[PDB]
Amino acid sequence: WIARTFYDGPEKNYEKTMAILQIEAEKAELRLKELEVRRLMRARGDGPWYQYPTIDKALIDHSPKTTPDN
Amino acid sequence: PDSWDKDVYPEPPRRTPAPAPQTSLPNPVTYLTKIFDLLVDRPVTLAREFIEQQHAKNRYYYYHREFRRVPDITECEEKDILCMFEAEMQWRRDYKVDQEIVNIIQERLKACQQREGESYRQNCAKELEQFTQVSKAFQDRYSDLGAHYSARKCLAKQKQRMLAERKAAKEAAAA
Ligand SMILES: CCCCCCCCCCCCCCCCC[C@@H](O)O[C@H](CO[C@H](O)CCCCCCCCCCCCCCC)COP(=O)(O)OCC[N+](C)(C)C
């Protein structure tokens with residue numbers, strides 16, 4: 001009576017634990033991947049992150065400048 | 001009683017001597033036994049009969065749980081969390097079963113020690129050897145793992161034992 005009224009079967013806890021373990025394992029591998037990606041991006045600078053600003057080339061004046069040799 | 005399997009828990013045929021009254025003096029043991037039967041066993045037997053016939057009117061069953069076999073830790077990937085989990089649970093269940101096997105053997109040994117009386121040193125040799133073998137195997141299996149035991153630690157212990165055995169066999173055979 002106690003088992004029927006207050007508790008459930010072992011399969012419920014078993015599968016819940018499996019789902020939780022899978023979720024946490026994916027989270028851990030994602031954290032490692034994010035750390036590695038951050039390290040590589042900061043070391044190289046070829047990714048969208050750590051793109052420090054540079055001088056815009058649209059500000060340059062392309063016209064004769066009173067002197068042929070610029 | 002048919003409640004437990006007689007083969008798992010063996011008992012001797014239990015031979016007992018017949019009464020041999022040498023004299024005509026009436027002993028008190030038989031009279032006390034008869035009177036104890038008369039005003040103890042009969043009411044107890046009647047009460048048990050009543051309870052049993054009450055039970056028979058409401059008969060229902062309960063079942064032993066069977067568990068399927070799952071791949072062990074020896075065929076589990078390095079970071080496969082689900083297979084590792086299943087292997088760990090199976091290993092824990094097997095560990096409990098092994099503990100209960102050791103318990104059964106110990107119970108048989110204790111029963112032999114009590115039953116055989118003074119000759120327990122001679123008549124309980126077989127049970128002693130069975131317990132020695134089971135205890136040695138159990139110690140090889142699960143001993144010294146620690147509080148945080150796991151399937152992986154037991155596998156590492158077994159691998160180390162096999163490496164030592166292989167080294168010893170290679171040294172001895174080539175000698
Ligand atoms: C002859 C009898 C011998 C045995 C007696 C046993 C006594 C049992 C009483 C103790 C109860 C406490 C154990 C569990 C309580 C909380 C556990 C909780 O999980 O159960 C809830 C249910 O518990 C009850 O609702 C609460 C118990 C309180 C009743 C105790 C009686 C006395 C309380 C006093 C009240 C005061 C009244 C005013 C006084 C003036 C809901 O369960 P749920 O999470 O869905 O489970 C889902 C699985 N399903 C689908 C199979 C159901």
# chains A, B, ... in the order shown; residues from 1 in each chain; ligands from 1
>>> residues_near_ligand(ligand="ligand 1", cutoff="8 Å", atoms="only C-alpha atoms and all ligand atoms", output="list in words")
residues 2, 3, 4, 5, 6, 7 and 8 of chain A
>>> interface_residues(of="chain A", to="chain B", cutoff="10 Å", atoms="only C-alpha atoms", output="compact mmCIF listing (two decimals) with N, CA and C atoms, in the first residue's frame")
# COMPACT_ATOMS: atom_id res chain seq x y z
N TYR A 14 15.62 5.61 -12.67
CA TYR A 14 16.70 5.19 -13.56
C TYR A 14 16.78 6.08 -14.79
N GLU A 15 15.64 6.28 -15.47
CA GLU A 15 15.64 7.06 -16.69
C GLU A 15 15.82 8.55 -16.42
N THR A 17 17.70 9.73 -14.01
CA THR A 17 19.14 9.84 -13.79
C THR A 17 19.89 9.80 -15.11
N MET A 18 19.48 8.92 -16.03
CA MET A 18 20.15 8.88 -17.33
C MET A 18 20.02 10.21 -18.07
N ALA A 19 18.82 10.79 -18.06
CA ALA A 19 18.62 12.08 -18.73
C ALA A 19 19.47 13.17 -18.09
N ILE A 20 19.50 13.21 -16.76
CA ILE A 20 20.29 14.22 -16.06
C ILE A 20 21.77 14.05 -16.38
N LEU A 21 22.26 12.81 -16.38
CA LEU A 21 23.66 12.55 -16.68
C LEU A 21 24.00 12.98 -18.10
N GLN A 22 23.13 12.69 -19.06
CA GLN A 22 23.37 13.11 -20.44
C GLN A 22 23.44 14.63 -20.53
N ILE A 23 22.50 15.32 -19.89
CA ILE A 23 22.47 16.78 -19.95
C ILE A 23 23.75 17.37 -19.36
N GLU A 24 24.17 16.86 -18.20
CA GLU A 24 25.36 17.40 -17.56
C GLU A 24 26.63 17.08 -18.35
N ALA A 25 26.69 15.90 -18.98
CA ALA A 25 27.85 15.58 -19.81
C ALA A 25 27.95 16.50 -21.02
N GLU A 26 26.82 16.77 -21.68
CA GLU A 26 26.84 17.72 -22.79
C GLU A 26 27.23 19.11 -22.32
>>> atom_distance(atom1="CA of residue 168 in chain B", atom2="CA of residue 153 in chain B")
22.7 Å
>>> atom_distance(atom1="CA of residue 173 in chain B", atom2="CA of residue 159 in chain B")
20.7 Å
>>> residues_around(residues="range 99-110 of chain B", least_positions_apart="4", cutoff="7 Å", atoms="only C-alpha atoms", output="MDAnalysis selection string")
chainID B and resid 9 95 114 127:128 131 134
>>> write_last_selection(atoms="C-alpha atoms", output="mmCIF file, in the first residue's frame")
data_model
loop_
_atom_site.group_PDB
_atom_site.id
_atom_site.type_symbol
_atom_site.label_atom_id
_atom_site.label_comp_id
_atom_site.auth_asym_id
_atom_site.auth_seq_id
_atom_site.Cartn_x
_atom_site.Cartn_y
_atom_site.Cartn_z
ATOM 1 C CA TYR B 9 20.805 -24.903 3.146
ATOM 2 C CA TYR B 95 28.389 -6.822 -5.623
ATOM 3 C CA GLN B 114 26.583 -25.614 16.199
ATOM 4 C CA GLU B 127 32.041 -26.156 4.929
ATOM 5 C CA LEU B 128 35.345 -24.677 6.097
ATOM 6 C CA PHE B 131 34.061 -20.729 3.075
ATOM 7 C CA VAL B 134 34.515 -18.118 -1.290
#
>>> residues_around(residues="range 10-23 of chain B", least_positions_apart="6", cutoff="10 Å", atoms="only C-alpha atoms", output="number ranges by chain")
B: 108, 111-112, 115
>>> write_last_selection(atoms="C-alpha atoms", output="mmCIF file, in the first residue's frame")
data_model
loop_
_atom_site.group_PDB
_atom_site.id
_atom_site.type_symbol
_atom_site.label_atom_id
_atom_site.label_comp_id
_atom_site.auth_asym_id
_atom_site.auth_seq_id
_atom_site.Cartn_x
_atom_site.Cartn_y
_atom_site.Cartn_z
ATOM 1 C CA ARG B 108 26.024 -22.765 6.577
ATOM 2 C CA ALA B 111 25.038 -24.076 11.417
ATOM 3 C CA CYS B 112 27.636 -26.815 10.938
ATOM 4 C CA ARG B 115 25.059 -28.882 14.972
#
>>> residues_around(residues="residue 67 in chain B", least_positions_apart="4", cutoff="12 Å", atoms="only C-alpha atoms", output="PDB file with C-alpha atoms, in the first residue's frame")
ATOM      1  CA  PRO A  10      12.697   2.055 -10.201  1.00  0.00           C
ATOM      2  CA  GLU A  11      12.532   2.748 -13.948  1.00  0.00           C
TER       3      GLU A  11
ATOM      4  CA  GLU B  86      24.340   1.197 -16.612  1.00  0.00           C
ATOM      5  CA  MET B  89      24.493  -0.092 -11.530  1.00  0.00           C
ATOM      6  CA  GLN B  90      24.941  -3.655 -12.796  1.00  0.00           C
ATOM      7  CA  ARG B  93      23.863  -5.279  -8.048  1.00  0.00           C
ATOM      8  CA  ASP B  94      26.437  -8.020  -8.670  1.00  0.00           C
TER       9      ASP B  94
END
>>> residues_around(residues="range 144-151 of chain B", least_positions_apart="5", cutoff="10 Å", atoms="only C-alpha atoms", output="PyMOL selection string")
chain B and resi 72-74+84-85+87-92+95+139+156-157
>>> select_by_dssp(residues="range 18-60 of chain B", states="alpha helix (DSSP H)", output="count of residues only")
24
>>> atom_distance(atom1="CA of residue 45 in chain A", atom2="CA of residue 31 in chain A")
20.2 Å
>>> decode(residues="range 15-45 of chain A", atoms="N, CA, C and O atoms", output="compact mmCIF listing (two decimals), in the first residue's frame")
# COMPACT_ATOMS: atom_id res chain seq x y z
N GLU A 15 15.64 6.28 -15.47
CA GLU A 15 15.64 7.06 -16.69
C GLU A 15 15.82 8.55 -16.42
O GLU A 15 16.46 9.25 -17.21
N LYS A 16 15.29 9.05 -15.30
CA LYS A 16 15.55 10.43 -14.92
C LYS A 16 17.04 10.66 -14.69
O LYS A 16 17.60 11.68 -15.13
N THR A 17 17.70 9.73 -14.01
CA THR A 17 19.14 9.84 -13.79
C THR A 17 19.89 9.80 -15.11
O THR A 17 20.86 10.54 -15.30
N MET A 18 19.48 8.92 -16.03
CA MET A 18 20.15 8.88 -17.33
C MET A 18 20.02 10.21 -18.07
O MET A 18 20.99 10.71 -18.64
N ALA A 19 18.82 10.79 -18.06
CA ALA A 19 18.62 12.08 -18.73
C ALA A 19 19.47 13.17 -18.09
O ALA A 19 20.10 13.98 -18.80
N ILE A 20 19.50 13.21 -16.76
CA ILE A 20 20.29 14.22 -16.06
C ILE A 20 21.77 14.05 -16.38
O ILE A 20 22.49 15.04 -16.62
N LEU A 21 22.26 12.81 -16.38
CA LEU A 21 23.66 12.55 -16.68
C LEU A 21 24.00 12.98 -18.10
O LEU A 21 25.06 13.59 -18.33
N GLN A 22 23.13 12.69 -19.06
CA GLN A 22 23.37 13.11 -20.44
C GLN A 22 23.44 14.63 -20.53
O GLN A 22 24.35 15.19 -21.17
N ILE A 23 22.50 15.32 -19.89
CA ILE A 23 22.47 16.78 -19.95
C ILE A 23 23.75 17.37 -19.36
O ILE A 23 24.37 18.26 -19.94
N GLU A 24 24.17 16.86 -18.20
CA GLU A 24 25.36 17.40 -17.56
C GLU A 24 26.63 17.08 -18.35
O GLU A 24 27.55 17.90 -18.41
N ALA A 25 26.69 15.90 -18.98
CA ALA A 25 27.85 15.58 -19.81
C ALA A 25 27.95 16.50 -21.02
O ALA A 25 29.04 16.98 -21.36
N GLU A 26 26.82 16.77 -21.68
CA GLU A 26 26.84 17.72 -22.79
C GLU A 26 27.23 19.11 -22.32
O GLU A 26 27.99 19.81 -23.00
N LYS A 27 26.74 19.52 -21.15
CA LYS A 27 27.13 20.83 -20.62
C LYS A 27 28.63 20.90 -20.37
O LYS A 27 29.27 21.90 -20.68
N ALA A 28 29.21 19.83 -19.80
CA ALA A 28 30.64 19.83 -19.52
C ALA A 28 31.46 19.90 -20.80
O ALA A 28 32.43 20.66 -20.89
N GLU A 29 31.10 19.09 -21.80
CA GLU A 29 31.87 19.11 -23.04
C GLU A 29 31.72 20.46 -23.74
O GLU A 29 32.67 20.96 -24.34
N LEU A 30 30.53 21.08 -23.64
CA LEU A 30 30.35 22.41 -24.21
C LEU A 30 31.21 23.44 -23.49
O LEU A 30 31.75 24.35 -24.13
N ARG A 31 31.34 23.32 -22.17
CA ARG A 31 32.20 24.25 -21.44
C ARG A 31 33.66 24.11 -21.87
O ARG A 31 34.36 25.11 -22.08
N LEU A 32 34.14 22.87 -22.01
CA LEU A 32 35.51 22.67 -22.49
C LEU A 32 35.70 23.25 -23.89
O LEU A 32 36.71 23.91 -24.17
N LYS A 33 34.74 23.00 -24.78
CA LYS A 33 34.83 23.51 -26.14
C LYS A 33 34.84 25.03 -26.15
O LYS A 33 35.59 25.65 -26.91
N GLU A 34 34.00 25.66 -25.32
CA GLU A 34 33.96 27.11 -25.25
C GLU A 34 35.29 27.68 -24.75
O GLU A 34 35.78 28.68 -25.27
N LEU A 35 35.88 27.04 -23.73
CA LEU A 35 37.17 27.50 -23.24
C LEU A 35 38.24 27.41 -24.34
O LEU A 35 39.02 28.35 -24.53
N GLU A 36 38.27 26.29 -25.06
CA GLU A 36 39.26 26.14 -26.12
C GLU A 36 39.05 27.15 -27.24
O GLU A 36 40.01 27.73 -27.76
N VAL A 37 37.79 27.38 -27.62
CA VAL A 37 37.49 28.35 -28.68
C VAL A 37 37.89 29.75 -28.25
O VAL A 37 38.46 30.51 -29.05
N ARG A 38 37.61 30.12 -27.00
CA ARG A 38 38.01 31.43 -26.51
C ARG A 38 39.53 31.58 -26.54
O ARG A 38 40.05 32.62 -26.97
N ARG A 39 40.25 30.55 -26.09
CA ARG A 39 41.71 30.63 -26.10
C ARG A 39 42.25 30.81 -27.51
O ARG A 39 43.10 31.67 -27.75
N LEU A 40 41.75 30.01 -28.46
CA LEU A 40 42.23 30.10 -29.83
C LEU A 40 41.89 31.45 -30.44
O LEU A 40 42.72 32.06 -31.13
N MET A 41 40.67 31.95 -30.20
CA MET A 41 40.25 33.22 -30.77
C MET A 41 41.08 34.37 -30.23
O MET A 41 41.46 35.28 -30.99
N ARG A 42 41.37 34.36 -28.93
CA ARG A 42 42.19 35.44 -28.38
C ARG A 42 43.64 35.33 -28.83
O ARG A 42 44.30 36.36 -29.03
N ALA A 43 44.16 34.11 -28.99
CA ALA A 43 45.54 33.96 -29.44
C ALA A 43 45.71 34.39 -30.89
O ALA A 43 46.71 35.03 -31.23
N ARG A 44 44.75 34.05 -31.75
CA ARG A 44 44.86 34.33 -33.18
C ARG A 44 44.18 35.64 -33.56
O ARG A 44 44.82 36.54 -34.12
N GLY A 45 42.89 35.77 -33.27
CA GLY A 45 42.14 36.95 -33.66
C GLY A 45 41.42 36.84 -34.99
O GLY A 45 41.02 37.87 -35.54
